């Protein structure tokens, strides 16, 4: 649901139209995405859900679509 919104947000950032993206796909530790993609994700969260402070910007929070969805859920109460 958020996971659906996160997967929708990420697909157009990937290296290829056919890049496999599941809820457990590694995004940053794999160098699939770089920090210009992280900026797009931060800016999407800022405008759609609850803006994230620096303490939320961790590889544990951002490395998979499931982790991003969990981050937005946790931070949107």
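Positions refer to the first chain, counted from 1.
Split the chain's modelled residues into thirds by C-alpha temperature factor. Residue 25 is in the middle one.
Ranked within its chain, residue 40 lands in the middle third, by CA B factor from the PDB record. The PDB entry assigns residue 14 a C-alpha temperature factor belonging to the lowest third of its chain's modelled residues. In the deposited entry, the Cα temperature factor of residue 68 places it in the lowest third of its chain's modelled residues. Per-chain ranking of the deposited C-alpha B factor places residue 57 in the lowest third.
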